[PDB]
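There is one chain below, alone, in structure tokens, taken in the form deposited in one PDB entry.
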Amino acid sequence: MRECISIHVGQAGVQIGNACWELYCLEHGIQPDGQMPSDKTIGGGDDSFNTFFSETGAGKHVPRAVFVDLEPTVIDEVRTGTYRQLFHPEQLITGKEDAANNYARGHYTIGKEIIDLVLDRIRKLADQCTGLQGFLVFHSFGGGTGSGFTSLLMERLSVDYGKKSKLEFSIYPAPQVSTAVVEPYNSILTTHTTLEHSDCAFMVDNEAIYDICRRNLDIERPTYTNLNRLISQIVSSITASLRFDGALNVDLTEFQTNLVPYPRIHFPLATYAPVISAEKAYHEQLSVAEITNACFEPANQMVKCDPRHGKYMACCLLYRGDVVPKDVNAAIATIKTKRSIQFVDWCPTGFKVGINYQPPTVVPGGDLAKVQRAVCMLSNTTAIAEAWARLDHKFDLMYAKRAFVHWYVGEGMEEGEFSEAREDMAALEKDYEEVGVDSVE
């Protein structure tokens, strides 16, 4: 009854979804074949909950997911890999040619040839569910598909569904690190097109996770598998309130009424405190106060920003494991009196608390340690206004000389659409300066 559909777009989306569904299968006892021998231990078990999996009469558990990608290189690896029997064989491929880091091809030219299948599968999955609580769309700014196809699909879903929640998980471009020359253009066009369709778009930066892996986990040569595992842990911490039971369960629909004050400002940061390897799992207490303090440190942020250069607007702390409300209240009281962690003058409450009794899982062959308790912080703050501005500085430098523009106009776009995508973003920046000034009377 608490179900929610997941969609993944592009290479980044598919590779994050691999880790996400590996984690879900590990947590709920489902094997890669889709079976569930956990019923042997307890008769009539419900470990493979109906939130993320659909059960057939034969004992299988097919996942609720729609993997879509233009190029046939990542989905084929899933069809050949070890999870080939888990997913429904309707993993959608255009199978012809990639978007080539072009927003126009992902939106106008090639995206229009495959969107109908996506909508049909989403309709079937929605009709299977009794009442779905929202959509979880995984993508990444900078890629052609991740921008264009995500924007097109969100537009069509808002036309079709509307009031249903639509949350995002996006890999924002880093200020210095990058792997694409035309990435600022795609990011700017995406934020223009997908500002009035989403409801809460979480952001993640690759450079921040690299720094976290270097400092805490002590991995000097990480790859994308570790980043995907950390993002999987974030999403599992978010969704733990639906599958299991706890003292305070935060539903998906209650995220919005506690994190977004105004409709346009819906870009919060996400952080995971107890990132510790098995070697340093010892010599540490890992109490509620310690993890709560670690969540607010600049060094443990998963998005490259300095919260000290801005004011926190809202915070939502989702705990897991052995946690008592008194310890959480003590941690919040300790945090509030600190003068470095500022808050807006129009939010005396500030924090939302959620507690769940299921501890975090551990994937074999990973690097995260087994911890009794964990916490995930989702914070809406004004530091993000810096991260936009840098990207805007990368836009105006290139658009001034009209560089890399002939591809976009040659694949069905007008130059003016660029300028709008700047101006709207500028307005958003102004909003983040209009909601930081202290009130007067």
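Note that residue numbering follows the sequence shown and begins at 1. Residues that one form lacks are left out of the comparison. By rigid core we mean the largest C-alpha set that fits within 1.5 Å across both forms.
This protein has a second form, the form deposited in another entry, left out of what is shown; the following refers to that one.
Here the two forms are overlaid on the core, and between this form and the one not shown the C-alpha of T94 is the only one among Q358, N258, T94, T109 to shift by 2 Å or more. After superposing the rigid core, the C-alpha of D47 moves by 2 Å or more between this form and the one not shown. Pairwise change in that other deposited form: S48 and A65 C-alpha atoms lie farther apart than in the shown form, at least 3 Å.
Figure legend: C-alpha atoms of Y24 and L92, shown here, are separated by at least 3 angstroms less in that other deposited form.
When the two forms are fitted on their rigid core, the residues between this form and the one not shown that move as runs of three or more, each C-alpha shifted by 2 Å or more, fall in 38-48, 91-95, 192-194.
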